[PDB]
Structure formats: structure tokens, C-alpha cells
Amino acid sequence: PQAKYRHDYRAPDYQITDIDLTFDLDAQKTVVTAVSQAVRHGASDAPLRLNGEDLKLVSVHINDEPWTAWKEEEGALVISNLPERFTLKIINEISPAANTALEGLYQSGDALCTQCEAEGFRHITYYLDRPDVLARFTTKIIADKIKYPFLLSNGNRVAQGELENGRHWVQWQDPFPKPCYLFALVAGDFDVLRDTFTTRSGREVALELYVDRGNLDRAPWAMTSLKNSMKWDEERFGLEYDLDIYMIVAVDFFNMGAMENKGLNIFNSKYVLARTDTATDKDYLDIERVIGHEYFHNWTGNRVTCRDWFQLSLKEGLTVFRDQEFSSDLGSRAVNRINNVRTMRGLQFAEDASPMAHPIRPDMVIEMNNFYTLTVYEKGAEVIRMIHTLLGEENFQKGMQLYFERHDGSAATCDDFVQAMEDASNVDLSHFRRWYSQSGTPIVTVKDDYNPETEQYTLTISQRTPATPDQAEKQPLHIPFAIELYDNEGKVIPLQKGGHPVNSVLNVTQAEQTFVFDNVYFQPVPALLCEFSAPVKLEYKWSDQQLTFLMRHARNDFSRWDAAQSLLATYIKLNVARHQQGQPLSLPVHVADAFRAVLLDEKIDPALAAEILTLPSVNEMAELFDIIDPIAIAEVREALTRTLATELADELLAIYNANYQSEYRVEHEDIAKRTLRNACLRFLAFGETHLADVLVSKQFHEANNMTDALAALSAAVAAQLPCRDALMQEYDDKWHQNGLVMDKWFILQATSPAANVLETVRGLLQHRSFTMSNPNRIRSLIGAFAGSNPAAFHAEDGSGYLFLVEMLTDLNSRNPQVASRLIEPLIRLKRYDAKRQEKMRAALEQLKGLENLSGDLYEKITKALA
């Protein structure tokens, strides 16, 4: 498989302006007729190269003449000797039932559905499958009326008919030009939740949510969230929906979360279906964010699309930023910011140090499905957020308005976006553009001085980005570095220099620079990189008492949490070193005391308390170390949990009881109290065993909603309490017919600290609720083991590696996209000790030798082994 390079982009030799599709649908053999109106822009000797994969060509006509000047080669139909303007007609066959990879047109249970992003439309017919070719689509669908009573495609339903032999047809027209990755087709039988939303200007939009028969009771929250999304995009960004119908279809077989196909979004059912006995608070908030995300793509992705796939972050960074803003505006902005920072530091930073490191705008791709990444998405959003920090809301909105004014109806680049922001705001972003071209996490080092004679505070800030596997050359970035200075009473010291206020967002643009502040009337305690103002590692030599001071006084809730993280980090590092010498945990009492103060502070928001009381994950802890010891990290996390549970036992129980709520509501104050209560329970589960077992068993049985039931079950597994097996078995007996609910249980099994966890995981491959044909089941059992149980995955005997090789040997042939997601823990081999490296390298060499190695895996394996 061949690399493609961003610098090789060229405008296409041909455009298509209009495509009329007919599908004669059948799960075994579908016949596609595609009539495209085309225009040749290049030279007469440049042939038309149409992408096509696994298609059976039936016929090719040019202006209704059977065409003899063509050939088929690997992945392409190459058509020569064409006029300047012509009608292309292709007929071809495909087989949805054979499509296990879930790209193109495939089967989801008894439904037929599509996924075309990035390059799936070429699995449906021969086409210019590239996102800088926009065309107006019409789609006619012909099918068996009993099996497929609903026949959906993008746009408006413009025609309908009945045929002989129990067949019917519908035709759809989507008036907005689109690239083909935005095409969708759905055929099947569903229940339909119907509602309406009236836009700010008075357009009435029909809303239709298609779910599997019997699931209407699980649809209203997603409907509510769609309406909320529509209203919010009007209020925040001034954006209205542009069609008269908005369709969402929930399907059980889907590789990612959802897909923004124009007017016909297709969703993994995980991010649609919710009822209080089946879904947690987090599931409700995820549904809200993913419904929002796909909605927001209607402008940032659909109305303006991507020139080429290197520009993916143009839509993904900006749409993630939008979904974060939505969630943050509706919910707790602090909890949102905290969680997104956890993801960046604990998962994205690791990618940026890995063999798959890339800039948010990649320069080189072999398989584009490998680049739907933490980096493109989450770091992409941080980059957009930096623009927001530099411009402020008003200028940022002006940049959005200029971006749409220039590029509405076209395919654009990341550079076009940055230029719109610069031109509308008058802020220079020439240096800032380097965040698009440079991979790796910058390390910002801060040293400071207080001069009591002049009342000056001096900050010397330096930056460096280490070389990454993809880039040997690194340069300084334009880093927005937000600060605040606190006096001894916890009040903010005004920032000023030479009699003038100074903006608290410092522009760190050099390898090293100094900033001097005047009128600093007391030796300050600084809050540094406030609200994680740039996606960087911070090196500053905090004292523990500066950190506990910030936990108490800092103005933004984020800084309070982050100070607590820095306080913990030091003692995590200590305790991993101690573990490796066989010593027990050591922790100064003033640390336990800082957490006791949080638990007993009556003025603190319970949402914030809960996040302070949620220890860093094993992934976040891993990022503290040059060489990861996953066993020591897991054991230290547990021991820190046990120690705090013992030290804070009375306080934990008091807060647990005080946050009891008899009614369940999906409402931010209620969620916050319940999240705190459950954080207390999780510590309590690691305390005295009898009381633990009683609290946990009782919560599980009395819970009137899945958030509280799963928090209990999860605590029983984590702490290996006596009730564990009985509770787990009850869950299975109650919920085995419900795959989404069982995913939660598979995750608990896969992440269990029990000694025989691998053996249980292998056994669960035969469980009545498991199947290798379903990406959700695969991720919940296999993926959770490999990704979220690093202590077991990284068992010294190599057994976790061998297990993953076996699974991936199947998945390489069945569903390479899922295979590539699952291989990720193995490509991190350089972060581990020599003996684990040896074994992981041998696993990777084994996979490298598979027959029919997919491009998806080949890319990752070759980078990892280099």
C-alpha cells in the first residue's frame, strides 16, 4: 500500500456537477446505476480516473454510447478520449451481505445502511471519491416493500411509486452540492419518533429519529438533544438549519460514533438510545455531545467541506470545539474543561509521542481511516480554542462569519480558516499556523523571581518540542500562556508594567523570553497555563503549599482541580519508585488534609469536588514517566485509593449520605451530587471490607437508575468485594439480551483487577451477548482489555500480547478499521521496559506476516517497527 502526500494535492482533471443514482436493493446483490454529468478541466489526453473497490462493473456509457476506450486497474476505472462535457453512465453490482468491514453499503441487523467517510463511496460505485468534487445528488431506491418499508436518502422526498412483485420505490433530492463522503442510504423497518423544530427565522423543520422496532421509549432524550443543538447553534454561532427535514437513524453495527451525512445522520445506537434504567449520566451527556457534534457539522463540514483529507481537522477540530462549547454552555464549563484536559494529557499526549505521531494537518497518509485521531480531533480543538483565546469571542465570531462568507458551498483548507480568522480579527496568525504543521507536545519551562526592592515579578519562560518519530525538525510555537498572580490573602494581583495594564494571556513566541510585572506588592503564588490555555506540558517547581493554596483560592475551578493534579503527580511518581523497591505507600499528611478540606468545604461545587476526588487514570499517570511500569502504576493507584479511604473514612461516609437523592433527574445539579456521591462510594469500597460490601450491595439493589447501579457494580469489581460475583451474575441475567447494556459489563470484566482476568476475557468470547461481528461488543471486551487494563495486557509473560495478536488475526480480515483501533496499545512498545518491548515487537512481527495484511494495520505496524 502506497503513501499519499499533502504536497501532491492538485485540482482534479474532471469535475462532476450532478449525479443521479438508482439502487435496486437486495442484501445479496444490489445493482447501482449512476448517471453523472461531468466536465473535463484538464488536457484531452488526461483520462478520467474513477475510484472503485470491490465493484462488479456491468456497463459504461458516455452520452448513451457504450464506451470502448477504458480499462480497469487496481482500484480504478480509467476512461479515455472524452469530450469536454458529457454524461457518464455506470452500472455495477455490490453485495451488502458480504460487507463485514462496514464501509460502503452494508447490513446492520435486517437494515441496509451506508458509511462513506472517508473513502467508502468508491465501494458503492465508480466515482471521483475525493471531497473537492461536489455534486448535486438525486437518489432513487427500489426495494421489497415488506423487508424495507422505509427507504431513506439525503434531502427531500420528491417521488414515490409502487411496482409489481411487492416492490416499491422512493426518490430523494438533496439540493446542496456535496462531496460523496456525505452520501447516505438507509433501508429497513423502524419505529419513528417525529417532532418539529422552528428556526429563529421561522422555518419549520421536521425531525425524524429512526430506531429499531420497540425502541421508541429510548428516543426522546436524543430528540431533545437535537432540538437543544439547533437552538444553541442559533444562539451562539447565528447558524440555522438549511433543509426542511432532519433525519437520524440509530444502527447497532457502526465502526465509529456517528456520521454527519447531509440531512440523514447515521448514528451508532450507543449515542442515541437512553432510558434511566439502561443509561448512566455519562451516557446521557455523551448522547447530547454526539448529537450536537453531528448537528454542528452541518455548517462546519457540510456547508463548508474539506479540499482533501489532509485537511480533516478543518472540520473535526472546529466541530469538536463546537461540541465542547455546547456541552460547556449547557452544563458545567469547569467539568467539561477538566474532562477534556484529562483526555488531552492522558491519551493525546501519548499519541503525540508514539510512532503514529502526526501534526493536526498530516503531511503523509497511507490509510486515511487511521487519521480519525485524538490528535486531529482533540488537539485540533485545542488549536481552535487557542485561536479563540487569542481573538476573544467577538473577533472569533467575526472570523466564523468571514469563513462562511468566503467558503460556503465549497471545499476549503485549514489555511483558509486561519486566514479568515486573521483577516476578520486583525490578529496576526502567521506564526500560529505552525501548530498545524508541527507534531509533538511542547514542553514549557517557567522560572520566576520576586524582587522585593522593586516590587517586580519576573517570569522566564522557555519552550522546546522534542523530536518525534515523524519529524526531526522542530521550531518554537505561538503559545498563548495565561497567568494569574495571587497575594497572601488569595486575591488577584493586577498585572501591569510601567504604569499600564498587561493582558494576562502572554504571547510565548520565542525559545526563551522574559516577562516583567510591576507593582507586585507581595510575593505571589502564580496560577500558570490557566484553563489549559495551550496544549503543552508545564515544568515549574511548585511547592506543595503553593498547590494547596491554589486549591483553596484560585478563581477558576479548573485551576483548583489542576493544582490538585500537580499535588498528586509528585506523590504518584514517588510511590511508583517505592513500589519498584517493594516498599509500601508513603504520603505526607498535608496531602490527605487537602482532600479532606475539599470533602468538607460547604461552598465548593459538588461537581468540582467530585473531579478533585477522581484520581488520575492509569493513562494519565503513565504520561508522568519516561518508561512506563503498568503494574506499579495500577498498584499505586489502588494503594492511594486505600490510603485515602482509610484516612478520610468518616468524611467520605458523611458526604456519601449527604448527597443521597431520592428522585433521578438528568439535570446538572443532580448529576454533580450523584457524581460526588459515587466518587465517595468508590473510595469507601476500598475501606473496611464489611462496611464496603454492605454499602455496595445495597446501592446496587436499591438504585433506581443505571448510574448508581453501575457505580456500585464497578466498585465491587474494582475492590474485589465479596458481593462481586452475585452482582455480576444478576446483571447478566437481567440484561443479556441488551447489547448496549452488556457493553458496560464486558468493560468491567475486561478491566477487572482479578488475577485470572485474561482467562475470563477469553471465556467471554463465547458469551451469549458477545459477537465478533459487532464493533461495540469488540471494543467493550477486547478493546477495553488491551487499552484499559494495562496491568493485565502487559502481563510479564506476554499473554496479553498473544491474545491481542489472535484477535487481530481475525479482525484484520473481518473489519480492519476496528483492528486498527485495537492495535494501538501494541504500537506503544517504546514506552515500556526492554523485555516487554521484545515481546511486543515479536507480536507486531507476527502480524506483519499475515496474509492479506490490511493497509490500516500495515501503516501502524511499519511505523511501530521502524
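The first residue of the shown sequence is 1; numbering continues from there.
Relative to one another, 851-859 and 15-23 have unequal mean CA B-factors, and 851-859 is the one with the higher figure. Stretches 267-275 and 661-669 differ in mean C-alpha B factor, with the higher average recorded for 661-669. Sorting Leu77, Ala597, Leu102, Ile572 by the CA temperature factor given in the entry leaves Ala597 at the top. For the set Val383, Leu163, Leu285, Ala564, the PDB entry assigns the largest Cα B-factor to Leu163. Ranked by Cα temperature factor within the chain, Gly42 sits in the highest third according to the deposited record. In this PDB entry, the Cα temperature factor of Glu260 sits in the bottom third of its chain's modelled residues, the lowest group. Annotation for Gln510: CA B-factor lies in the middle third of the chain's modelled residues. Placement of the Cα temperature factor of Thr751 within the chain: middle third of the modelled residues, per the deposited record. Split the chain's modelled residues into thirds by C-alpha temperature factor. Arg836 is in the highest one.
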